[PDB]
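Computation of the quantities below employed the complete heavy-atom set of this structure, encompassing side-chain atoms and omitting hydrogens, waters and symmetry-equivalent molecules. For the single chain, residues carry numbers from 1 onward in sequence order. In each ligand, atom 1 is the first atom listed, and ligand 1 is the first ligand listed.
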Amino acid sequence: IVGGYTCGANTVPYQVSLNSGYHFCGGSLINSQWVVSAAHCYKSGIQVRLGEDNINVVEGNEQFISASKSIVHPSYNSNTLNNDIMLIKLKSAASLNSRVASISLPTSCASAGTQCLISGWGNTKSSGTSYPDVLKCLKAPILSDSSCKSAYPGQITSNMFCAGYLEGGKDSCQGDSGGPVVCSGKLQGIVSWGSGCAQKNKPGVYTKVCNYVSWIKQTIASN
Ligand SMILES: [Ca+2]
């Protein structure tokens with residue numbers, strides 16, 4: 001997160017870190033046994049880390065649970081990042097409490113102008129590289145479809161939306177991928193892609209979760 005703020009420990013209780021020996025992506029807890037993340041974050045050997053603030057220090061509210069299965073969206077295209085969504089099942093159910101909690105799925109899509117909370121442990125610099133140890137947060141609005149498509153000609157599908165600031169300086173970044181965009185208590189987006197980070201006229205591009213609720217629910221029901 002570039003241009004954000006320190007969230008505060010366990011203030012974002014659905015935020016997870018995906019770990020394969022090291023943090024590599026975020027995710028969102030959607031029930032006691034399932035996480036949603038970005039398909040471009042796929043790899044084998046994932047451990048899900050819940051209840052984290054400092055990802056380098058054990059602070060006392062963590063739960064570390066191995067994934068048993070990952071399911072990339074059946075239409076994911078890694079060239080275009082269309083359908084950049086994946087589900088991860090935990091080997092055992094997490095213990096839900098005030099610091100480890102699920103986030104609701106949308107019953108309706110959000111609109112341009114809605115303010116949302118984006119979070120992660122990704123890079124905090126718009127040029128060069130600095131990785132935080134504690135969770136960072138950014139409040140940002142959803143941008144119009146027309147401004148999103150104008151920013152990224154030929155690249156925005158119906159499964160993507162843009163959020164952030166066209167002036168630059170505030171955005172998600174590398175290492176935030178797969179993490180949440182929450183608006184009015186609903187998971188509306190997944191951190192997906194963008195040109196660099198926090199660049200002028202290059203806002204963040206997010207997977208549009210409301211298009212996937214049927215697939216998520218059916219998949220969970222049968223796995
Ligand atoms: Ca920790």
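A cation-pi arrangement is absent between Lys208 and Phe161 under the rule of less than 6.0 angstrom and at most 45 degrees off the ring axis.
Of the N and O atoms on the side chains of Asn82 and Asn77, not one donor lies less than 3.5 Å from an acceptor on the other residue. Judged purely by distance below 3.5 Å, without hydrogens or angles, the side chains of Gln174 and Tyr131 pair a donor atom with an acceptor atom.
Within the coordination shell of the Ca ion (ligand 1), defined by N, O or S atoms under 3.0 Å, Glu59 is absent. Residue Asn54 counts as close to the Ca ion (ligand 1), with an N, O or S atom under 3.0 Å. The Ca ion (ligand 1) has no N, O or S atom of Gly51 under 3.0 Å away, backbone or side chain. Put simply, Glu62 gets within reach of the Ca ion (ligand 1), with an N, O or S atom under 3.0 Å from it.
Per residue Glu52, closest N, O or S atom to the Ca ion (ligand 1): atom name OE1.
Screening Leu138, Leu135, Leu117 against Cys7 for a side-chain contact (heavy atoms from CB on, under 4.5 Å) leaves a single residue, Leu135. Partner of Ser37 under the side-chain contact (heavy atoms from CB on, under 4.5 Å) criterion, out of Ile85, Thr207, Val16, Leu18: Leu18 alone.
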